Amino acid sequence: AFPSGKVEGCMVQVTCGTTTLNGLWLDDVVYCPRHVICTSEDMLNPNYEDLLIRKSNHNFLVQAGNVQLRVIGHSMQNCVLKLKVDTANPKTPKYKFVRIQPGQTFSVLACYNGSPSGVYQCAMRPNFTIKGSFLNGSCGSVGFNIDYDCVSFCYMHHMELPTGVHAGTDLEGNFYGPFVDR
């Protein structure tokens, strides 16, 4: 329901090896789910600390349309990866990070490979999941609310559960509910 223009100008494509998903570009940092550094066999019992050390900056390919962002640093904050790039996003809006509760509504900008596809109003169920096919294949899409001119990011999609529901974190990397990225 919220207009998505301010958020569209922050969405990017993040690729590591064969994995490609959405990232959020604010200032000179790109936020994305940390399981992007995982391969197929990694996602069963991943050592995220060992994988972080194994990857170099040039293992990360970040694209904002045709502009290519050069990764000059990468750190991990809970379950989100933070990629420092060599350029600040000139379209960075006024923003803050907030943590919400189930039952509260927010708008989700569903993207695929960095391209905005739709915006939808939804809410987490009491078990901290979201039911909706609109998000299938949208790893890294973010949820948000607009407080006048400020964009409050409150959600990042991380994974689809076997039961067709979706799990995610806040922008500090803390999962909503008891879920784990393994």
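In this text, residue numbers run from 1 along the sequence as written.
K.L.:
Taking only the CA atoms, which stretch has the higher mean B-factor in the record, 65-73 or 22-30?
P.N.:
For C-alpha atoms only, the mean B-factor is higher in 65-73.
K.L.:
On average, which has the higher Cα B-factor in the deposited entry, 37-45 or 114-122?
P.N.:
Taking the mean B-factor of the alpha carbons in each, 37-45 is higher.
K.L.:
According to the PDB entry, is the CA B factor of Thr169 in the bottom, middle or top third of its chain, that is, lowest, middle or highest?
P.N.:
Its C-alpha B-factor, which the entry lists for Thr169, ranks in the lowest third among residues of this chain.
K.L.:
Would you mind checking where the Cα B-factor of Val151 ranks among the modelled residues of its chain, as the lowest, middle or highest third?
P.N.:
Within its chain, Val151 is a lowest-third residue by C-alpha B-factor, going by the deposited values.
K.L.:
Relative to the other modelled residues of the same chain, rank the CA B-factor of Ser138 and answer lowest, middle or highest third.
P.N.:
For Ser138, the deposited C-alpha B-factor lands in the highest third.
K.L.:
Which third of the chain holds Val14 when residues are ordered by C-alpha B factor: lowest, middle or highest?
P.N.:
Middle third.
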